[PDB]
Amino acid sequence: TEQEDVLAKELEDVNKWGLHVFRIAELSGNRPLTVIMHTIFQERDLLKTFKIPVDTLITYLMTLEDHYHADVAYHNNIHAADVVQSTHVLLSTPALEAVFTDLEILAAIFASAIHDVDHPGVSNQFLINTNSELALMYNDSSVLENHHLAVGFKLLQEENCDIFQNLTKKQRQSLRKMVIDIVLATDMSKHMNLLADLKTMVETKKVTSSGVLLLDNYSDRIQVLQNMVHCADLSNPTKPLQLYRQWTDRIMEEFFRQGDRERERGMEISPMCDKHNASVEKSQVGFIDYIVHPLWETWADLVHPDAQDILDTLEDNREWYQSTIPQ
């Protein structure tokens, strides 16, 4: 338990943006998703609130984690633990204090933990082009996203894995719809139109008598939740450079692997996947310029301005990569 102290201390940062997730992954014996999720649940007192037997929770978490591919560079259990922990911080954003119910909170966190489960390390288009069984089952539409959801729920059926066994029928139905709405929203093909609404919304932004954001209908409450987890999934560039660079190393490794596979198959190599003609630095700045920043700028507003330290970090990291661009 010598390191049990290190892990324990490391976890003390679970509420902080910039947790040493990679260290935790090492300290936990490659169980970042299980320990982090377990801490967040204990912390938010979700086990007692939803009467979740401790053994059941841990068995499901290990099972869920086990279904993330250890051989995949980016989309693995570490990325999952990261999006969970990040959504967890984004939920505690002052501008949302006491806004969401324990169920909505449970939904956001659960959705984050399962959002990429059983990811093969290749894109939807690659699965589509090859006529993979997954693309055939989902009609080439949000192939992976649909799959992530199905697996996430199916695993609840394994031995002692149903963590929602004590929710009421109504709670289960409401939880399930939200989890689905959120995960399906992680598909980058939804990003554009998804962003517009986050804007159109921040325009009419309303506050309560408590100074916290005001959300009425399901429509508005889910959009915030959708964009929120969507931000957590696209939060690598807003973290301290040290962590961010590791994520970039990982995503590039996954990209290049796909490119090697497309190349050996005589398939057109996907954008940014050709290791023989790459622009890692230039791609990061462009990624930040046309996608991440535009998204994270709006959320910075929405939770005005508890996201400041986060937005400045994004801009700082951009400059860094910018100064790394060859020629």
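Quick note: we count residues from 1 along the sequence shown, nothing fancier. Under this definition, the rigid core comprises the largest set of C-alpha atoms superposing within 1.5 Å between the forms.
Between stretches 207-215 and 225-233, the one whose Cα atoms sit farther from the displayed model in 6 other deposited structures of this protein on average is 207-215 (core-aligned, root mean square).
When the C-alpha B-factors of 266-274 and 294-302 are averaged, 294-302 comes out higher. Per-stretch averaging of Cα B factors for 257-265 and 22-30 places 22-30 on top. When the C-alpha B-factors of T238, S123, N76, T200 are ranked from the entry, the top spot goes to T200. Considering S209, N146, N131, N166 together, the PDB entry gives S209 the largest C-alpha B factor. The PDB entry assigns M137 a C-alpha temperature factor belonging to the lowest third of its chain's modelled residues. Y218: CA B factor in the highest third of modelled residues in this chain (values from the PDB entry). Among all modelled residues in this chain, the alpha-carbon of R176 has a temperature factor (C-alpha) in the lowest third. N227: CA B factor in the middle third of modelled residues in this chain (values from the PDB entry). Per the deposited record, the Cα B-factor of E159 falls in the lowest third when ranked against the other modelled residues of its chain.
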